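Report on the following structure.
Numbers and lists here come from the model and the stated rules, or from a named source; none is laboratory data. Note that each Cβ is placed from the backbone with ideal geometry, even for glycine, and that neighbours are counted across all protein chains shown.
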Amino acid sequence: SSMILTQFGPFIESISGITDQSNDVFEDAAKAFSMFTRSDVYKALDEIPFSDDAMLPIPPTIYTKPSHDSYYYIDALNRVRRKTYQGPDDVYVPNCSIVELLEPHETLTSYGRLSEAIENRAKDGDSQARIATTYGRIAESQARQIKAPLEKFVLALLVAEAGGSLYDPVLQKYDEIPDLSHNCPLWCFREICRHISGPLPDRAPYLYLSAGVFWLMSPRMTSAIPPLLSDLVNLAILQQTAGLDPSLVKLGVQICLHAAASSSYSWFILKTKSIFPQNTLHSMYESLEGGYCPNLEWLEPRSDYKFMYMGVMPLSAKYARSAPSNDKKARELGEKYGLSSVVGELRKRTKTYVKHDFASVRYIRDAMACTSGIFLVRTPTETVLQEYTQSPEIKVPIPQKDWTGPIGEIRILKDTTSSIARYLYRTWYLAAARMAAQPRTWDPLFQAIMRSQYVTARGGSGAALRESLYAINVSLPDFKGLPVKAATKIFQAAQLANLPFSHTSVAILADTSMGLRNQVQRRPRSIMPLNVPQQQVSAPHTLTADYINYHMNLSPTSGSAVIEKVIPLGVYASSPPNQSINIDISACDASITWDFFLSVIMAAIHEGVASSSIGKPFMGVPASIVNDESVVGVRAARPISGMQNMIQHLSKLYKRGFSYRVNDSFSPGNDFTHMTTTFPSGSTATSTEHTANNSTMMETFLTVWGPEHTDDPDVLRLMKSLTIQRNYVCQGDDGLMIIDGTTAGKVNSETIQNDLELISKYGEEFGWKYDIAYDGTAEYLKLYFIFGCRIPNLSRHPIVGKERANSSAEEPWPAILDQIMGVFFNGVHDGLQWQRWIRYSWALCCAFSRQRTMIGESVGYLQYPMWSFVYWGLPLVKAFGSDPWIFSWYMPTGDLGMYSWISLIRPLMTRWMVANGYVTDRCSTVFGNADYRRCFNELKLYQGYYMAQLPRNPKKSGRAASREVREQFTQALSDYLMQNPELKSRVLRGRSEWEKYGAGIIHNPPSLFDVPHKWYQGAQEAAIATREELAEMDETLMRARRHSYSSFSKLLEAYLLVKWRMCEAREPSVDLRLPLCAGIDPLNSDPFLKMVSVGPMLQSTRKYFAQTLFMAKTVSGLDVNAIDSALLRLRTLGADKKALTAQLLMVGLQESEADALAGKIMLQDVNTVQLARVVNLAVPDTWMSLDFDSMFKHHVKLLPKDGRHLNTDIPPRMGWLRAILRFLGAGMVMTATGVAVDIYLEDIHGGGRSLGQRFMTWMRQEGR
RNA sequence: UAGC
Ligand SMILES: Nc1nc2c(ncn2[C@@H]2O[C@H](COP(=O)(O)OP(=O)(O)OP(=O)(O)O)C[C@H]2O)c(=O)[nH]1
Ligand SMILES: Nc1ccn([C@@H]2O[C@H](COP(=O)(O)OP(=O)(O)OP(=O)(O)O)C[C@H]2O)c(=O)n1
Ligand SMILES: [Mn+2]
Ligand SMILES: [Mn+2]
């Protein structure tokens, strides 16, 4: 550690709260990090005096593996294939030797890549060589699934931990987290690597580079080492940052060692990934004595996902685990994978927890962070053959006699059918009828929005489309000479802009390009990038599904972020006396096929949409005539609407299937088109469509099937009390059945058990394998709940992992900084120990803040000041002589965050500056007699501040674009969007109108006329950048670093004029004995105190924020939040109604609607969150789990604590000020470590009137 | 070639 201490000494102290932070120390540490060689990190690791408790037997078979050759073969189709040994799954990268297939590197002599000799032979066609290349390429691919070299994460850990225990400001004592000599993962990482390198000077087992991956030329290396080491690094860091229990951590190291020990690391990891969850989470409290769980009320209407805390629910034996015991299967699983030692130890400990509290949920949490975090990987060929193969087993087919004759491509489900499809057809027909009945549906704007949905900078199988068209002799414009990426649906849009639907129809049957996705703890999944025509024709399906989800069921449309997965619902569902069944349908996409679902859905839509769409086109598609054979004998032609014409063509595609074109870059010679009946995932229908069928079938069960298949009085009662509108929440193939409890306690376990079994049997009837889980736990959208307590699953957020499906290289340097920051926020949302996490993050950041730059022998260095990270969100540990750890990780981001920490130590800063020579005669309103201008330039605070706001990736704009083709393109884009003359006309009105009532007031008028321009830029920025464009980006960051400044942003200089008074601590909003999120307990002071004082966010953030906008959606390309800002800004700038009416017309609204909304906007009382956008203030993501709405409303007093002040009074017409002011008060409160306090407006320098004009100036100047 |  002397090697680490000597080199990072001062820095270590600055991030441990012993000494102040400063850019000089920081940048020097950065330079030290940059000059540490890989092998030096292993040397540093050797200096560590590991304890015996940190050691465990390392399996010798981890080093001696067979040849890859016996693990592959060539099939009847000549494609290289993985040869199965452990079962159908055994398709991943096998654990084998690899050195025998390498050629030493020219320079890094001890490292090697795949023999170029082997590849050429493979490219020739040699079977043995192909096998070898494939294994070589996939093994490498498995190794690329990480953010950067493992040594950087390790080094930062060394630096951070060299600081020793941290003193808690609140608890007023040092934490007791074991030091590194007790870190078992680290010991393994060192020993495993040392054993491989052996007598070699190079200590790294492999090198993660740009030129690819290189293996250390040791006969001891294995294709399983990269995954293994990556797993150990994650555990190593968490044992120190999440305060994980070391005894548990060793259990996780064992599974991993067993994984590398097996014949296929990934396969093994996959087959055992439920060990920790099963022997802890899903087995808690078989016995229960005490503890408290939340008591929540689900407000009406349940669709709002809005809840209210009502105190605590005392627990007792009355609530012990009633769900079936998983013991048997659990022990079996352990026995089958040689892990019965671990499974047993876990069962033993789980039984010792007889009280529900912080301690026990922390144990579950700790247990679950130990699961491997690797992104499983296998060759494309295999994913495609394993995912587009299985077909649903419809145990009860829809009788052939139940269909009418054809009506084009569809057949009507006779209403005489006794098939369960009867009800599936009803829901969709009904929905379709109501959707097409809506006036909005026929509005030129809505149809424009729809048509813009799939016009994105993403792929759409462009090549296959261009050739399907060529087959009918139709050539698309090539826009030869444009600097935009051609494989964008945006490019596609332009090529089709001026072509009749009848000419592009054939494209609906074009092939589909390959697209893949690797996931943590899951198998890779293939994706279907549908083309514009295919997406167009899919509309009716998508809209009818949306109509169902919005009006007929209880469903969520969530993303991937924890902030949007409705946490409140899980707390409710899992709190006794409530119970929940976690439903999931396995092989969902393979389950939605023509034979049952699609052939019925198409018919339903096509018929329920008939009368309202009659005699009308839709989204570009024309009406037409189709052959009719419904009735027997009677065979005529039928006039169908454009909307119907879509279903007509879509039905044709759903019937034929999809031609998945597989170009496997990992398996030489594996080129082939595979036809599959699996449902498309890249379809705009996918998600919404699966959510609708889900709830529809559940409705049919509870309402029809169920009741008809059982006379059990209780099961019938339980069922009757369940409605899909109140008790069943779902998204996609995920379902959460919430059985509310009574005063008599919870519903009988045996009656629930009976119910479930009927659901299972019910699904076999239409080819759906329900994966039902009834274990006392609530699990929805990978969010884990128990007794009202949310259990973060850390294993799913690998600190070093990163998905990399394609062979393409990682993004140039700067890019990694955004990834590092994301790692930090995860740690916040996941509840890691705040001080330990913040310190490590500073280590990690410093370690990635410097990059070597080239300009042609002009070897300089790019360096981000420590201040840039603050701008990005990382809280300061100690600065300007302040006390240590006064800043919380809930500190806002950007300007709002800068204002907050600076406001919290204004005096401190001023005093410090003066005491160091930065004195002046001019008294600053904010910093008194401090020479802040000279100070902030010298500390690189201004520099860091501005550098933070610069693009972290190369810009492609500015590439030479021959004006003429440049105009042809944006024209086609325009035509696509401006298909319907009525819409264009709407915008032209908005324009001439704008020139009379709005032009001049603001300068950001959003307009549909901009979209074509934004679309072009998007297609541009999607293209690969040049080394030149890369040099330009550096120069930019480096120019801002040289430049010196005299102020911050106009907005921030305004916030600084506002002073506050921090007061008495708030009272608890929830019981302090109440577990809400494992990890957030009295051992994690700041996160905890904030949780208790501020309160948890009990409403769905998606539903909440949807209430802060006048318009939900707009044409893709424009920003709903932008539009909201312009309208409110015009109003604040005193613009006339007519002016707002003009803006709305420029974005697509019909005058009637425009004038109505404009008039409505004018008189509304806009809420804090919505109003604060006029000045670009946004609720920090980190705050999303807290009740920020209460804070704004009841704990940020704008009335000075001691009465009215002249400066504090708010001018009549400047009420909007109060909203901006609220964000500033909360910003300081949330940034201050400890309990939320009540902050009181103390002062506004030039007064509120001056402040308002100041903000108005910024407003009217945006975009000039 | 890399989707919603
Ligand atoms: N349409 C669509 N749905 C997605 C996507 N990613 C996830 N989902 C949906 O949300 C669900 C949760 O998926 P996961 O893949 O577990 O993502 P995650 O939510 O980020 O998991 P984590 O807990 O580790 O943060 C599965 C699926 O129905 C995506 O890219 N597109
Ligand atoms: N990047 C992703 C990931 C998932 N999905 C969609 O999510 C849906 C179901 O989610 P999973 O449960 O994750 O997929 P399954 O195929 O059902 O997994 P398996 O039975 O193990 O659960 C189907 C799939 O198309 C998607 O469109 N895009
Ligand atoms: Mn599933
Ligand atoms: Mn699912």
When restricted to A:861, A:871, the only residue of a type in the set (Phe, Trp, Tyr) and in contact with a strand residue (DSSP E or B) (Cβ under 8 Å, 6 or more places away or on another chain) is A:861
For the range A:180-192, state whether one or more residues are in a helix (DSSP H, G or I) and touching a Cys at 6+ places or on another chain (Cβ under 8 Å).
no
Out of A:433, A:487, which single residue is surrounded by fewer than 22 Cβ atoms within 10 Å (Cβ to Cβ), assigned to a helix (DSSP H, G or I) and not polar (S, T, N, Q)?
A:433
Residue A:666 fails exactly one of (1) crowded, with 19+ Cβ neighbours inside 10 Å; (2) farther than 30 Å from residue A:735 by Cα; (3) over 32 Å from the mean Cα position of the chain (by Cα), namely (3)
Would you mind stating whether residue A:755 is in contact with a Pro (Cβ under 9 Å, 6 or more places away or on another chain), more than 16 Å from ligand 2 (Cβ to nearest atom), acidic (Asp, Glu) and more than 30 Å from residue A:1021 (Cβ to Cβ)?
no
Please work out which residue is surrounded by the most Cβ atoms within 10 Å (Cβ to Cβ), limiting yourself to the range A:329-370 and to residues that are in a helix (DSSP H, G or I) and among the polar types (S, T, N, Q).
A:360
Pairs, please: C-beta under 8 Å, at least 6 apart or cross-chain, first residue under 30 Å from residue A:548 (Cβ atoms) and in the range A:291-305, second among the β-branched types (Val, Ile, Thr) and part of a loop (DSSP other than H, G, I, E, B)?
A:305/A:566
If you check residue A:507 against the conditions, is it more than 30 Å from residue A:701 (Cα to Cα) and either away from ligand 3 (no atom under 16 Å from the Cβ) or surrounded by 20 or more Cβ atoms within 10 Å (Cβ to Cβ) (or both)?
yes
Subset of the range A:717-756 that is over 37 Å from the mean Cα position of the chain (by Cα) and of a type in the set (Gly, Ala, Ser) - its residue that is nearest to ligand 1 (Cβ to nearest atom)
A:745
Every residue from the range A:73-127 that is in contact with a strand residue (DSSP E or B) (Cβ under 7 Å, 6 or more places away or on another chain), of a type in the set (A, V, I, L, M) and not in a helix (DSSP H, G or I):
A:74, A:77, A:80, A:91, A:98, A:102, A:108, A:114
All but one of (1) outside any helix (DSSP H, G or I); (2) under 30 Å from residue A:1084 (Cβ atoms); (3) of a type outside the set (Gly, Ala, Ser) hold for residue A:1209; which doesn't?
(2)
Among the numbered criteria (1) within 17 Å of residue A:1183 (Cα to Cα); (2) among the small types (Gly, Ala, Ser); (3) not in a helix (DSSP H, G or I), which single criterion is violated by residue A:1044?
(1)
For the range A:1075-1120, what are the residues that are more than 16 Å from residue A:1185 (Cα to Cα), hydrophobic (A, V, I, L, M, F, W, C) and in contact with an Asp or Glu (Cβ under 9 Å, 6 or more places away or on another chain)?
A:1083, A:1109, A:1110, A:1111, A:1118
When residue A:32 is evaluated against the numbered criteria (1) in contact (Cβ under 8 Å) with a residue 60 or more places away in the chain; (2) crowded, with 17+ Cβ neighbours inside 10 Å; (3) within 30 Å of residue A:912 (Cβ to Cβ), which criterion, by number, is the only one it fails?
(1)
Which condition breaks for residue A:671 when tested against (1) in contact (Cβ under 8 Å) with a residue 60 or more places away in the chain; (2) away from ligand 3 (no atom under 16 Å from the Cβ); (3) surrounded by fewer than 22 Cβ atoms within 10 Å (Cβ to Cβ); (4) within 30 Å of residue A:140 (Cβ to Cβ)?
(1)
Looking at the range A:543-567, which of the residues that are more than 12 Å from ligand 1 (Cβ to nearest atom) and surrounded by fewer than 22 Cβ atoms within 10 Å (Cβ to Cβ) is nearest to residue A:1097 (Cα to Cα)?
A:554
Might you let me know whether the range A:480-493 holds any residue that is within 16 Å of RNA strand B (Cβ to nearest atom) and at positive phi?
no
Given the options A:398, A:490, A:407, name the one that is farther than 30 Å from residue A:1120 by Cβ, of a type in the set (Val, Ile, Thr), in the same structural domain as residue A:679 (by CATH) and in contact with a helix residue (DSSP H, G or I) (Cβ under 7 Å, 6 or more places away or on another chain).
A:398
Name the single residue, out of those in the range A:714-749 being among the aliphatic types (A, V, I, L, M) and free of Cβ contacts under 8 Å to residues at least 24 places away in the same chain, that is nearest to residue A:687 (Cα to Cα).
A:722
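Each row is one residue, and each column tells you yes or no for (1) of a type outside the set (A, V, I, L, M); (2) more than 16 Å from ligand 3 (Cβ to nearest atom); (3) in a loop (DSSP other than H, G, I, E, B); (4) not assigned by CATH to the domain that holds residue A:693.
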{"position": "A:742", "(1), (2), (3), (4)": "yes, yes, yes, no"}
{"position": "A:745", "(1), (2), (3), (4)": "yes, yes, yes, no"}
{"position": "A:751", "(1), (2), (3), (4)": "yes, yes, no, no"}
{"position": "A:776", "(1), (2), (3), (4)": "yes, yes, yes, no"}
{"position": "A:785", "(1), (2), (3), (4)": "yes, yes, no, no"}
{"position": "A:799", "(1), (2), (3), (4)": "no, yes, yes, no"}
{"position": "A:811", "(1), (2), (3), (4)": "yes, yes, yes, no"}
{"position": "A:821", "(1), (2), (3), (4)": "no, yes, no, no"}
{"position": "A:825", "(1), (2), (3), (4)": "yes, yes, no, no"}
